[PDB]
Amino acid sequence: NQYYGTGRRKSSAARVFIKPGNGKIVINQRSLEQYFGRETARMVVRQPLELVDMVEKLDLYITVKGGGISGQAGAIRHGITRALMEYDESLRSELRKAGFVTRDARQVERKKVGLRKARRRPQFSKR
Amino acid sequence: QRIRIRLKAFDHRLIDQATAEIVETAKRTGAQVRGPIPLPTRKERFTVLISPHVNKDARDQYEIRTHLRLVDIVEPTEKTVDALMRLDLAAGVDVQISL
Amino acid sequence: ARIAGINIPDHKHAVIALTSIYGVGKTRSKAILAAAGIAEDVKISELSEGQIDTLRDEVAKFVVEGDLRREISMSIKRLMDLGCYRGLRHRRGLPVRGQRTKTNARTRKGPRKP
Amino acid sequence: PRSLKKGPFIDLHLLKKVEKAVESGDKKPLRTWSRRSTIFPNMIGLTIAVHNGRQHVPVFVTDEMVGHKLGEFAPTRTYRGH
Amino acid sequence: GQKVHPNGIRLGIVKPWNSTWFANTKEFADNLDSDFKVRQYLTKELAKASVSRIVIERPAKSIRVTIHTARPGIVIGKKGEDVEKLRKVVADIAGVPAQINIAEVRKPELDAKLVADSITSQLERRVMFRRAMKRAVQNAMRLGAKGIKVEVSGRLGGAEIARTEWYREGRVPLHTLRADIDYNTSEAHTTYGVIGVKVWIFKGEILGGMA
Amino acid sequence: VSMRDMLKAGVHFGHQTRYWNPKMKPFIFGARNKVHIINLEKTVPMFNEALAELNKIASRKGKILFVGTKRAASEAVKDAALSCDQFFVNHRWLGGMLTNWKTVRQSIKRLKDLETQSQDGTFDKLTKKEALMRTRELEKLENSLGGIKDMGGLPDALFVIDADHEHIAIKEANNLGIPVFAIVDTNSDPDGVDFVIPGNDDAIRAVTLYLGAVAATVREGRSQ
Amino acid sequence: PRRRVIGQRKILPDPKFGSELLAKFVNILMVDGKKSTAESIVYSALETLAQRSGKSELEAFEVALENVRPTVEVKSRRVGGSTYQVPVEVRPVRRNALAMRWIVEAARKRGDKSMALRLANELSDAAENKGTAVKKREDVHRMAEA
Amino acid sequence: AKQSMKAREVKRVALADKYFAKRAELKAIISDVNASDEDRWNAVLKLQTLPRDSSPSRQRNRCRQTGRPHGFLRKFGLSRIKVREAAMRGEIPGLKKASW
RNA sequence: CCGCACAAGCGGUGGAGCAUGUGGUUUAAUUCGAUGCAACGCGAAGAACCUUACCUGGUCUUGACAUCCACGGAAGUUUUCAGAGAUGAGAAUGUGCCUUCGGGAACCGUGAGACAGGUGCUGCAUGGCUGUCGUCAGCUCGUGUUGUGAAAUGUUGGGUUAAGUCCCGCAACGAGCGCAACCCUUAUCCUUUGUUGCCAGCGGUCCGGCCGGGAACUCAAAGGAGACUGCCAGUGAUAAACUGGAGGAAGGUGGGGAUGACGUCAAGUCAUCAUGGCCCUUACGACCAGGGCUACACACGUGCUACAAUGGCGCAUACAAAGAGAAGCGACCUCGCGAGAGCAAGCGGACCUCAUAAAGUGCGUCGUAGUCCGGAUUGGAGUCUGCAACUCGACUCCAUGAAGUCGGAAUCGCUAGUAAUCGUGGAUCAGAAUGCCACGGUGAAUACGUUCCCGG
Ligand SMILES: [Mg+2]
Ligand SMILES: [Mg+2]
Ligand SMILES: [Mg+2]
Ligand SMILES: [Mg+2]
Ligand SMILES: [Mg+2]
Ligand SMILES: [Mg+2]
Ligand SMILES: [Mg+2]
Ligand SMILES: [Mg+2]
Ligand SMILES: [Mg+2]
Ligand SMILES: [Mg+2]
Ligand SMILES: [Mg+2]
Ligand SMILES: [Zn+2]
C-alpha cells in the first residue's frame, strides 16, 4: 500500500511515498532521468533499490525541498531507504551495513569572526 | 468572523502563559479556539567592536529572538469579545487582535 | 574585402572582424550587420562585393580609424587648452577620474622610479 | 553630471552678480566662493575670482568654458614634484 | 585575561532582565532611552536609600518601575509623599502614566550593589580598603553566602601607583552557568582619583531552569 | 584462644630468617627451614590480656577501628568489623586519616550529602550522564570511607593486622595516644603496639581466627 | 598527526563504472569541487581509450598506471644529521596516488585544443610506457639509485 | 564629544524638521515632469535659499549618551560600546550573547 | 611531550592591473591615534557638504551648550533687504495658557557675573574596556605530616587522558579556582498545536494548491526521548585507560559555538566615556564659507581581477539558505538600449516586496592568438542620490582595449563539509563595498611520522 520514508541531507528534505507495482519514479511531478542533469545523481538515487534489486516492483512519488542537487539526491536515497525499511524491516541489516541508514550530518560550518571563511585564516605576513 | 490574535514576546515561557490564558478565556466563553500555533520566531544578530579605540580583533555577537504565537477563534460571541478585552498580560508580551 | 578603413579585417566571424576596425565595437559591429541583414559566422571571405559595398556604406554612416582619432585627440587637446583641472591632469599624464596617485596608478603613470 | 530633468545648477547670488555685471558693463573680477556653480553662456569674455580654499584666483571666462563648473579652474592643491 | 561579564552571560539562564518591556524597531531606541534616563534620575535621588535594583516594565498605556532597596521607609517618607513626587517626575520623564513600586531587599550584605557601594563610601572615608573589604566578605559569608569575591583597583590608599588587588573567599564558580553570581561594579572618586570595585557573590547553583 | 586453637590455624608461622626485626627476639621460638617460628607461649597470654582490654573498652561504649589493607584480607576485616557494629579501614590507609580528622569529616559529609541527594531527588534535573557521574562519585566515596562514615569521632581503640604494613596508622595513633592492638609478625617493629600480639599476619586462617575471637569478645563486652 | 595518524576519509566508488579508483582519480582531477566538468573529461578519455587501445578502458587505466606507478621513493629527513635523499619503498596506495598525480599533471602539460585529447592520448602513451609520466617515473628511479 | 557638537546636531534636527513640508513640495515641483521648466528653475532657486541644515544628509546619527557618531546602532541609537554596557547589565530587554 | 610546528598535501603571497591601509614625500592643511609577534580593508558598522578635531578667511565673547539673577516681550507665524553664509538690517501677523489678578507657567530677547567650554597634556597619575601569551593546563589552600626554622609534602612515581583527565603507587587527605559538565546550535525520534505553513488520500478544478476539503506528512516551535565505554571481545595491575565489534540517526568529550584560571606586556586607549593632575580661556572656547582629510618621485602590508579553451560567448533550462522592509520595501503595467522613468497594488509581513541564485545543465560557438583572453586606462553620452557629484559619488550606454601569457628570493592558509570555488543577505548608510559580518551551492587532496623548523 502506501509506505512513507523521510530523508534529510545537508540542506534538502525528502517526502517519499511508495506503492507496490512498478519501478517508475516521479519527483515533483518530473521524471528523474530528465529531472537531474547529472547521471551520478541518478546513480545515487537508484543505489538503494539498485541494491535490494526490487526495482520494478513498486513505484515512487518522491518530493524534495532546498539544498542543491547533491542534497536532493542524498535526501532521496535516505528517504527511500527509510521507506524500504518501514516496508520490510528484513533489509534493515542490509541497508545499514550498506551505509544507507546513516543520516549523514556533515553540514556547512558557520563563518567565524576574524576568518575569511568558516576555517580559513587571513594571509598574515609573518615577516 | 475570525478573531485573530497574534502574540509577540521575547521569551517563550511568557508568550506561552499568554496563549494558555487566552485559550482558557476562550473556553470560559467556550469560543472555538485554534490553539496556540507556533510561528517562526525572528532572529536579530548584532556583531559589535567590543575592543575600544584601535583594537578591532575583539568582537561580540548578541541576538534578539522575537517569539511569535498565533491564535484564532472562528466563532466570536459577546462573552468572547468582552472578556478577551478584559485580559491583562505581562508587559513583556504584545497583542494584535484583528477581526 | 576593404571596409573603407586603414586596417584590414581578418577571416574570422563578421561581428569580430568589424570589431577589429577602430571606432567599431561589438555593439556597433553587430548593429551594422543587422542593418545589412547578413548572417553571423560568415567571415570577410565568402562574401561578395554585393555585401562589402553595403558594409562600407553602413559604416560610412559612422566615423572610424583616423577621423575618430582626430576627433578624440582634439577633445583631449582643447580640454587641456581650456586650462581646466582635467586638462592639467592630461597634460601631466595622470589619472583624470579620481584614483590614488599615492599608489598603483601605473597604468597611466607608466613604469616605476626611485 | 547631475541630470537633465533638473537642468544645470548655479547659485542665485551668482545670477545676481553676473547679471548686474552684465547690465552694468564690465566690472572688476568679481569674488566668488561657489566653485560648484555652472558656467553659463551669457558670462563670457569676463573674469571672476573663486576661493580655492585659501584665496580666490582669477579666471577669464570664455564660451567653451560653459558647462564645466567654476571649480575646475581653481586647483585646490599645489604640487611641483618631489 | 579579560573575563566575560558574569551577569550578562546568565541572562535568561538564571538572570532575569532588568527591563521587561517589549517594543518594536519603531519605538525601541527612544523607549530604552527613557528607561536609561529614569534609571539615572532615580539613582541620583535614592543615592542614600541604598537602591540595589531598578526594573522597568512598560505596559502600552503605563510605565511601571520596581526598586529593590533596603531603605523603604527612607523612600516613603510619610504616606508615599516623596514616592508620589517621584511618580510624577518619572511619569513626565517618561511622558506616560507612572507606577512606582518598591521591593526592598532583606539581606543588604547579600546583594552585590549595596555591598559594593558601601565599600566605595567607606573608601571615601579613606577607611583602610583592606579592612573594609574584609568586613564586607566576613559579613557576607557569616550571613550565608556560598562564596564572595571583591576586587579593588587604581591608586589604592592614595598611592602614586595603581597597585590593584582582589580578595576571595568561599566558592565562586565563574564557569558554571548553573550558578547565581550576583556581580556588581561600582566606583569611588578619591582626591587621588577614581578606584574601581567589583563584587561577586555566589549563592548556590540554580536547579530547574529560570524557574 | 588456646595454643592448640592457634597452632592448627598456623599462628606459629613467620617470615624468613633473612627478614626479621631486632626487637622481636624475645617473641621468637626459633627457626626451622630458614623460617622464623613464633612462640605461642607468649602469643596466647598477650592476646588474652589484649582481649581483656578490648572487652573493657567496648564495655565502656568504645568505638573500635579494625585496620588491615591486605588485598586478601580486606573483606575479612570488613566483615569482622560488621559482626561487632564497629568501624574499619580495609583499603589503603590514607596518611593523616586520624591526625587530619577534620578533612575526613568533610569527606564523610560529602559521602552523606551525595546519598541523601539521590534519595531526595534532583538527579532528573541533572543530565543523565551527570547523574551517572554523581553515582560514580558516591561509589568512590563509599570505596574510600564505607567503614568510617558512622565513626562520628576519633576511635577509642585500634586493631591492626601486619603492623609493619600499616606503620603510618600506628605512628598517628601514638601521636594521638590512641591505643594500638596489632598482630605483629617477626619482621615488624613492636615499639608502636601497646598491646602487642606477635603472630602471622598474611595467612587467611589465622587472620580470621584473630578477627573472630576479637569480635566475639567485643560483642561480649557490649552485651554486659 | 603528532599524536595519532589520520588519513583521507574513506571514499565511495564512482557509480558510473563501479570503480572507486576511478572516483579517486577524478577527485584528483576535480578542480574547485567541479565534479561534473571533471568526470566529463575522464569519461571522454576512457571511452576513446576503449576503442583506440583495445577494449576494457577500466583496464587501460592500469595498463598505463602500472607503467607509471613508481616503486622507489625519496623521503629526505635529518635522522642522520642533514637532508638525506634516501630511497625507500611505499605501500601500494602511495604509488597509486603518485601515478595518478603524474598522469593528471602530464595531461595539463599539453593542451591540444581540448582536455579530452590531452588526457586520452597521454594515458595511451602511458599504457605504451613512453611519454612523460612514465618518464618521470624512470627519472625518479634514476636519481634515487644514483 | 564636545557639547558644541551634540547641540549642533540637535539644532540641525530641529531646523531640518520645520522645513520638511517646504522641501517636500519643492522637490516635488522640481522633479515633476511637465512643469514649466521655468517654474522648475526658480523653484530650485527658491529651494537653495533655505538653510543648508534643512538637508537630511547633514544629520549624522550620534550616541544619545556619549555624543559619538561612529559605531551607531540604528536599532538602539547608541554607540558600539554603551550598547555592551546596557546589555551585560540587562537593560536591553531580551538581548543576550549570540552563539549559534 | 605538545602544535597545519614540520613532514605529506592542496591553494596562495611575492610578478601585472586595480582596490585599500601604512611610511615617506608634498602641502596652506594633507586632523588625531594605532607600530614586530600581538600596527598597516586598524579606531572608522561606510570623509562630496555634513561628518571633521586640519588649513584659508570671515566672525562672536557669561558665550553653541547649563544653573542662578535681574529686566522686557506670548509663543510663534509671514516676509524683505545686504552678505558666501554666518550674519546683521528690517517690514508684517500673532501676542496664546494657569492665576486665589498679585503673578506664574511657557518660551524668547538684553544685561549680570558666578560661570559654562576644551577631540587641551599626562594610558607611566587612573577607572573602565581590550589585546597578548593561551582555552595554555595549570593555580594554589585548609588541614596533616617532616623539619628548631626558612620550608616541604600534597602537586612527586607508574600509567593514561584533550586536559593537575583518571587509576595505581605514594604521608598525605581534601577542597577551590581552573579542565570537564550545566548554555547555544546542528544531526534521530516522539508529543503538542497546524495558519499566512502543509497536501498522503479526498470531490470539483481554469489543472495554478487552487479549493470545498484533509491534519497524516513536509514544516513551524514548544516540549520531550536519545550515547553512557552502556554492550561484546581483545589489551593492559586485572586498574585507569585502550583497540575492535555490535547495536544504533548518532560512539567514544557526536559536530560547532559561547565560555579565557592565575599572572605576564608601566601592552592599547585621557579622540566613546569617566576621572587625578596640569593648560587655555574676547580663546587651545564658539560660528560660517570654501578647501583638506582623496596630494605623488616613492616604499610596504592587506585585497581584488586576471593571464584563458575544466575556457570565453549565444541560446535555452534546474536546484538554496539566510535576511531585511513604513520620511520603508515596493509588485504589477507602461515608457526607456540600459542605468532608469511614469503609474501604482501590496505588504510593520510563514502572506506583500526586496528577489529569477550563480556555478550547473542542454545546444551552438570560438582553435591557442595577447585571442571572441584580459579588462585598466582615456573619450563621448546619460542616469540617480542629494542644497550641491569641479576638486571628490555610484551607475548606464557607445567607443577605446594597457599590463598581463601563472610571477625570483622568500612566504602564507588549511586535516572535511574543510580546503578551494559559486553566488545570496545584512550592518553602516540620502547616496556611496574588491572591506566587514553572515547564508548557502558545489565540493577535494595529504598525513610515514616526529628527524628537523617554530612555539609551548
Ligand atoms: Mg549621513
Ligand atoms: Mg597610542
Ligand atoms: Mg591623543
Ligand atoms: Mg604605556
Ligand atoms: Mg575649506
Ligand atoms: Mg585617509
Ligand atoms: Mg593586499
Ligand atoms: Mg567572455
Ligand atoms: Mg594562454
Ligand atoms: Mg575586511
Ligand atoms: Mg558557502
Ligand atoms: Zn607479616
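In the PDB header, cryo-EM is given as the technique by which the entry was determined, and 3.59 Å as its resolution.

A. Broad picture of the environment of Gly 199 of chain F. Residue and element names in this part refer to chain F. Locating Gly 199 in the fold gives a position in the loop between β7 (195-198) and α7 (204-223). On a C-alpha basis, the gap between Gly 199 and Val 44 in space is 9.8 Å, while along the polypeptide they are 155 residues apart. If near-sequence neighbours (up to four positions away) are discounted, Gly 199 is found in contact with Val 11, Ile 38, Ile 183, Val 184, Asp 185 and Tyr 210.

B. Broad picture of the layout of surface pockets. Of the volumes computed, that of the second largest pocket is approximately 1700 Å³. Counting residues per element, the ones that place at least two in the lining of the second largest pocket are α2 (39-52) and α3 (69-88) of chain A together with α1 (20-29) and α2 (35-52) of chain G.

C. Seen up close, the arrangement of the chains. Among the 9 pairs of chains that make contact, the interface with the largest number of contacts is formed by chains E and H. Separated without contact, chain B and chain D have their nearest C-alpha atoms at a distance of 31 Å.

D. Just the protein's contact with RNA strand I, in detail. Taken together, 255 residues form the shell around RNA strand I, and within it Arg 92, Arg 116 and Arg 127 of chain A, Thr 107 of chain C together with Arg 92 of chain F come nearest. The protein-proximal atoms of RNA strand I, defined as those within 4 Å of the protein, are 73% sugar or phosphate. For RNA strand I, a phosphate oxygen lies 2.5 Å from a polar atom in the side chain of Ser 11 of chain A. Note that a phosphate oxygen of RNA strand I is positioned 2.6 Å from one of the backbone N or O atoms of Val 96 of chain C. Here the surface near RNA strand I is composed, by residue class, of 69 nonpolar, 76 polar and 110 charged.

E. A look at the pairing of strand β3 (residues 56-60) of chain D. Residue and element names in this part refer to chain D. The alternating pattern of β3 places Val 57 and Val 59 on a buried face, while none of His 56, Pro 58 and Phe 60, on the opposite face, is buried. In this sheet, β3 lies alongside strand β2 (residues 47-51) in antiparallel orientation, the contact comprising 5 bridges. For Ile 48, the partnering residue across the bridge sits in β3 and is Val 59. In this structure, the hairpin formed by β2 and β3 is closed by a connection of 4 residues, where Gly 53 is found at a positive phi of approximately 115 degrees.

F. Region of interest: the sheet that holds strand β3 (residues 98-102) of chain E. Residue and element names in this part refer to chain E. Read across the sheet, 3 strands follow the order β1-β2-β3 without closing on themselves; strand pairing throughout is mixed. The open sheet terminates on both sides in strands that have one partner only, identified here as β1 (51-57) and β3. Each strand of the sheet is rotated relative to its neighbour by a mean of 15 degrees, with strand direction disregarded. Here strand β2 (residues 63-69) pairs with β3 via 5 bridges, running parallel. When the sheet's bridge partners are listed, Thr 66 is paired in β3 with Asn 101.

G. Summary view of the packing of helix α2 (residues 28-45) of chain E against helix α4 (residues 81-93) of chain E. All names here are of chain E. Packing of α2 against α4 brings their axes to within 10 Å, and their N-to-C directions diverge by 155 degrees. In terms of orientation, α2 and α4 fall into the roughly antiparallel class. Between α2 and α4 the crossing geometry is right-handed. Contacts between α2 and α4 involve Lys 37, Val 38, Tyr 41, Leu 42 and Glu 45 from the first element and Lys 85, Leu 86, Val 89, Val 90 and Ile 93 from the second. Taken together, the residues that form the contact of α2 with α4 break down as 7 nonpolar, no polar and 3 charged.

H. Region of the structure containing the interface of chain H and chain E. With 17 residues of chain H at the interface, the matching set in chain E holds 19 residues. For the chain H face of the interface with chain E, the top three residues by lost area are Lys 75, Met 88 and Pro 93 of chain H, together amounting to 35%. Inspection of the chain H/chain E interface yields 0 salt bridges. Counting every contact that joins chain H to chain E gives 7 residue pairs in polar contact. For the side of chain H that touches chain E, the secondary-structure elements that each account for two or more residues are α4 (82-88) and β1 (96-97) of chain H. The residue makeup of the side of chain H that touches chain E, split by class, is 7 nonpolar, 4 polar and 6 charged.

I. Just a nonpolar patch on the surface, in detail. Together, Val 81, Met 85 and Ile 97 of chain B give the surface a local cluster of nonpolar side chains, amounting to about 250 Å² of exposed area. Examined against the element boundaries, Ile 97 of chain B turns out to sit in strand β4 (residues 95-98).

J. Here's a closer look at the sheet that holds strand β1 (residues 3-8) of chain A. Residue and element names in this part refer to chain A. Reading across the sheet, the 5 strands line up as β1-β2-β5-β3-β4 and stay open at both edges, with mixed pairing between neighbours. Each edge of the open sheet is held by one strand with a lone partner, namely β1 and β4 (30-31). Taken together, the 2 bridges between strand β3 (residues 25-27) and β4 define a ladder with antiparallel strand orientation. Directly across from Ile 27, in β4, lies its bridge partner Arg 30. Against the sheet, α3 engages β1, β2 (13-20) and β5 (58-65), with an angle of about 145 degrees to β1.

K. Up close: the pattern of salt bridges. Applying the stated criterion across every chain yields a total of 40 salt bridges over all chains. Notably, a salt bridge pairs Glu 66 of chain G with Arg 69 of chain G, separated by 2.6 Å at the nearest N-O pair. Accessibility expressed as a relative area gives 35% for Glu 66 of chain G, which makes it partly exposed. When its relative accessible area of 15% is taken as the criterion, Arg 69 of chain G is described as buried. With its nearest N and O atoms 2.5 Å apart, the salt bridge here joins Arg 110 of chain G to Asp 112 of chain G. In this structure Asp 112 of chain G comes out as partly exposed when scored by relative accessible area, which is 38%. Linked by salt bridges that have partners in common, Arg 9, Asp 104 and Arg 106 of chain A make up one network.

Reading the values: rules and limits
Residues numbered from 1 in each chain as written, not as in the entry; some residues may be left out. Chains lettered and ligands numbered in written order. Heavy atoms only, no water. Helix = DSSP H or I, 4+ residues; strand = E, 2+ residues; numbered from the N terminus. Contact = heavy atoms within 4.5 Å. 1 Å grid on protein atoms, 1.4 Å probe; cavity = no way out; pocket = protein on both sides within 12 Å on 5 of 7 lines; lining within 4 Å. Points joined across faces, edges and corners; volume = space filled by probe spheres on them. Near = heavy atom within 4 Å. Polar contact = N/O pair within 3.5 Å; in protein donor to acceptor, adjacent residues only side chain to side chain. Nonpolar A, V, L, I, M, F, W, Y, C, P; charged D, E, K, R; others polar. Buried < 20%, exposed > 50% of the residue type's maximum accessible area, 1.4 Å probe, protein only. Pairing = 2+ DSSP bridges. Axes fitted to C-alpha atoms, helices over the stretch in contact; angles between N-to-C directions. Parallel < 35°, antiparallel > 145°, perpendicular 65-115°, else oblique. Left-handed = near helix turned anticlockwise from the far one by under 90°. Buried area = accessible area lost by both parts, 1.4 Å probe. Salt bridge = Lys/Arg side-chain N within 4 Å of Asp/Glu carboxyl O. Patch = residues over 30% accessible without salt bridge, like charges linked within 9 Å, V, L, I, M, F, W, Y side chains within 5 Å. Areas by Shrake-Rupley, 256 points an atom, 1.4 Å probe, with all protein chains shown as cover.

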